[PDB]
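See structure below.
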Ligand SMILES: N[C@@H](CC(=O)O)C(=O)O
Ligand SMILES: N[C@@H](CC(=O)O)C(=O)O
Ligand SMILES: N[C@@H](CC(=O)O)C(=O)O
Ligand SMILES: N[C@@H](CC(=O)O)C(=O)O
Ligand SMILES: N[C@@H](CC(=O)O)C(=O)O
Ligand SMILES: N[C@@H](CC(=O)O)C(=O)O
Ligand SMILES: N[C@@H](CC(=O)O)C(=O)O
Ligand SMILES: N[C@@H](CC(=O)O)C(=O)O
Ligand SMILES: [Mg+2]
Ligand SMILES: [Mg+2]
Ligand SMILES: [Mg+2]
Ligand SMILES: [Mg+2]
Ligand SMILES: [Mg+2]
Ligand SMILES: [Mg+2]
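Protein chains in written order, with the working numbering: chain A, 2 to 253; chain G, 2 to 253.
Printed below as a string of structure tokens:
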């Protein structure tokens, strides 16, 4: 499987997940239907989305690490799948949620070859491959902002900060892309619990890097050894290479 | 002018604002075109929205307090107009922004008779009159949550807090409605600078009250005396009666 196969497969998945979600009424979608393998409830919305995605992915030689159903399959290509990221938004009719896919040539993030985030509410398509990062077919890149007085997405502000603005939308996959295209100057999940799972962030990180962003853990260590398994957890500091170290110092 | 007149006029305005905005490309929309009478730049998108709204409002015996153009007209009915609230979002293709209108029989919020917020990106319609609060025709009401461990919209988190989730979408008009319909358990703008302007909050406050929410200033004081002028500024604590005082204690 190569980066063109991946785009083809992801698009097909985005299409089916969109169909499934849309043909579900809010009152039915918000319902708890079971316990995710991740340890959090699976909403009906999560279930229908994962089903449509898994239906397509089983026809491939891959191992899938997906939020509601855990690890599936045997292949050597590894796929981190968030079938529905921003489920809380989705169930409230709030239009920020996406299906997220990252593909890797091993169970570690450093071997990622394709990242893909499709906003299921707006239809915006983000992906990145060896050629670069795209929003709706157009090349994107991170902003040139050098100042801490900038536009930040941050989980969670636990003190007074210097940012121009702070936002929290409730979907890291999509929010990493907001950073990837330059809409926001930086992205930060600095929650002490390390809440981010591999499928939440893998795609977005990959896209943001292709878009020129520097993306690390809290101390600035590489994300390269982050594993595609249910146990993996992440803190993230993303910014252009000039803003990035200023952020590291700010949270020290 | 009564509460049915206001509904008719607000809907007409929403339709025209959506038309005006949608007919503009992001690259043209995002441009600074002037200085608002509020003291912040007016984007192209802000200007075209305001123009559409003012064409319809100039034909009524009203005084309009609007963000980009300031105070206008001489009528005894006062209208707080945010022609585009969430402009930052709108210019970035982020689908959380609205046009906001509160109508009052005096220049003080205590005499408000109609509240209206129309999401320009999703078409959701929120309003409230003497009969209650509506989302897209359907009656709404705030959540019953009693615990601080709840779903919060808060500007801005500046210390560790007890909430289940924190969200910041960048449009208080819409976010006040998210609270009004129970999607979030509370809404807080506690910024030291007291940043909210009358047209940012008036409608949303009105709708949220009709929905059962208790909505006050920082110290629990009434909002009734808040004036429909450019000088007015607000901090907000909104919740159901049970949750509200717990929040007041939390932020002391
Ligand atoms: N983004 C796809 C459509 C989809 O994935 O739904 C395309 O451009 O064809
Ligand atoms: N991840 C939760 C929110 C949170 O706990 O940050 C959600 O479903 O949105
Ligand atoms: N998924 C959320 C929904 C809610 O808070 O009402 C939870 O139960 O934590
Ligand atoms: N990463 C989790 C937590 C959050 O964003 O609140 C999610 O995307 O929902
Ligand atoms: N919400 C209006 C339509 C609009 O204002 O655009 C209606 O119910 O017809
Ligand atoms: N009102 C600003 C955001 C903020 O200062 O919170 C904007 O949306 O442009
Ligand atoms: N309206 C914002 C836009 C931005 O921050 O890029 C500003 O005041 O500059
Ligand atoms: N633009 C956002 C935030 C702010 O301006 O304070 C609002 O007014 O709702
Ligand atoms: Mg789950
Ligand atoms: Mg998910
Ligand atoms: Mg997730
Ligand atoms: Mg302005
Ligand atoms: Mg505005
Ligand atoms: Mg506003």
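Ideal placement from N, C-alpha and C gives every residue a C-beta, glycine not left out.
Is the closest heavy atom of ligand 10 to the C-beta of residue 85/A under 7 angstroms? yes
Measuring straight from C-alpha to C-alpha, what distance separates residue 52/A and residue 129/G? 40 angstroms
Based on the DSSP output, what are the partners of residue 67/A in its beta bridges? 71/A, 82/A
Mapping DSSP to helix, strand and coil, what is residue 246/A? helix
Could you check whether the Cβ of residue 161/G sits closer than 8 angstroms to any Cβ belonging to chain A? yes
Measure the C-alpha to C-alpha separation of residue 154/G and residue 78/A and round it to an integer number of angstroms. 40 angstroms
Let me know the secondary structure DSSP gives residue 41/G once reduced to three states. coil
Tell me which same chain residues have a C-beta within less than 8 angstroms of the C-beta of residue 88/A, skipping the five on either side of it? 44, 46, 47, 98
Helix, strand or coil at residue 48/G according to DSSP, with G and I counted as helix: helix
Is it the case that the CB of residue 188/G approaches a heavy atom of ligand 6 more closely than 7 angstroms? no
Applying the criterion that 16 or more other CB atoms from any shown protein chain within 10 Å of the CB defines a buried residue, is residue 167/A buried or exposed? buried
Contact residues within the region 139-159 of chain G, judged by C-beta distance below 7 angstroms to chain A: 157, 158, 159
Neighbour flag for residue 170/G against chain A, beta carbons, 8 angstroms: yes
Any heavy atom of ligand 4 within a distance shorter than 7 angstroms of the CB on residue 171/A? yes
Members of the region 114-136 of chain A that neighbour chain G once the beta carbon cut-off is set at 8 angstroms: 122, 123, 125
Taking 7 angstroms as the cut-off, does the CB of residue 15/G come closer than this to any heavy atom belonging to ligand 5? yes
DSSP state of residue 206/A mapped onto helix, strand, coil: helix
heavy atom of ligand 4 below 7 angstroms from residue 235/G C-beta: no
Among 207/A, 122/A, 82/A, 217/A, the one whose alpha carbon lies nearest that of residue 238/A: 217/A
Residue 126/A (DSSP reduced to helix, strand or coil): strand
Can you round the beta-carbon distance between residue 227/A and residue 109/A to whole angstroms, since I take them to be within the 8 angstroms contact cut? 7 angstroms
So residue 19/G contacts chain A; which residues on that side make the cut at Cβ distance below 9 angstroms? Within 9 angstroms Cβ-Cβ: nothing; residue 19/G doesn't reach chain A, min ~15 angstroms.
Interface positions of the region 6-30 of chain A facing chain G (Cβ-Cβ less than 8 angstroms), listed along the chain: none
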